[PDB]
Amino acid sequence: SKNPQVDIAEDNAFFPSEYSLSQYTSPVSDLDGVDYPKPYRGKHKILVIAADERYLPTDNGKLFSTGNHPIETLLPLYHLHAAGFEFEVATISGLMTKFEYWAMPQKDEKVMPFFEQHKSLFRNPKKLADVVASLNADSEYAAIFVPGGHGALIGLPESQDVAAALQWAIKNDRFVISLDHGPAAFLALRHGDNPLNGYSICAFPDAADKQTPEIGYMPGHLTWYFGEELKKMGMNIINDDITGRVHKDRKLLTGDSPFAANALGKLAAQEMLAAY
């Protein structure tokens, strides 16, 4: 069926259609080359900025039951963990991280266990505002990661706390990794500054989810579109389709979808490892 599946938890809320789910998810992942002979051994950890809300309003008023994408969030992290990079999870509210569990690869001997064990970091994240309140020339972060998933469209785009955070990183020459709709978080830099100005990135093409609802992936149409808005802000988007390809622009590492999750994870691993 191509009809949105009701989410009994929320009012007028829907999960993707059974059809879409068989079209864009799977019981197992694509975790590839996770061998790292000479891993990192310093203190620097990966700061993750995740979604604290699962429900996105659509144009027909309905709610799309979403959040951060399991794969896009877990795969990159799996590699970094493997390459010797630990991670902390921050959320804007402090509320627990919300995932699109309908895309979670149960039956995956590696990813699933990984999640269950570091689950705590996701269930009890720090509060970004506090995190930001401590950042300085010697903060031990190295990288900021904004996993994809429609959940990234909520709050992050207009959060002054991801603004400072993002400005702390770029400024102090740290890494900034992201995919799916993750980049919508960059919008948070419109009110003055924008050190991410001329950078190029690959991101989920607005054209896509402009057509996904047609198959029930979403219960209505998005309110606005981050792709176009990024352009106005001063950023260059490289792709117009989904192809699992990744892009690296001087510390800014991005991906276009879950299909590029593993590939992105390897790029970060290499770049950071080569940098440390």
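Note that residue numbering follows the sequence shown and begins at 1.
Q: Give the stretch, out of 54-62 and 237-245, with the larger mean C-alpha temperature factor in the deposited entry.
A: That would be 237-245.
Q: Quick check on the record: does 69-77 or 103-111 carry the larger mean Cα temperature factor?
A: Going by the record's values, the stretch with the higher mean is 103-111.
Q: Which has the highest CA B-factor per the PDB entry: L31, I46, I49, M218?
A: The C-alpha B-factor peaks, among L31, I46, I49, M218, at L31.
Q: Going by the deposited entry, which of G155, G94, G198, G182 has the highest CA temperature factor?
A: Comparing C-alpha B-factors across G155, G94, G198, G182, the top value belongs to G198.
Q: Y24's Cα B-factor: lowest, middle or highest third of the chain?
A: Top third by C-alpha B-factor.
Q: Compare the C-alpha B factor of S120 with those of the other modelled residues in its chain, then answer lowest, middle or highest third.
A: Ranked within chain, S120 CA B lands in the lowest tercile.
Q: Sorting the chain's modelled residues by C-alpha B-factor, tell me whether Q167 ends up in the lowest, middle or highest third.
A: Its C-alpha B-factor belongs to the lowest third of this chain's values.
Q: Would you mind checking where the Cα B-factor of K98 ranks among the modelled residues of its chain, as the lowest, middle or highest third?
A: As the PDB entry reports it, the C-alpha B-factor of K98 lands in the lowest third of its chain.
Q: Determine, from the deposited record, the chain-internal third of the Cα B-factor for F204: lowest, middle or highest.
A: Highest third - that is where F204 ends up once the chain's C-alpha B-factors are sorted.
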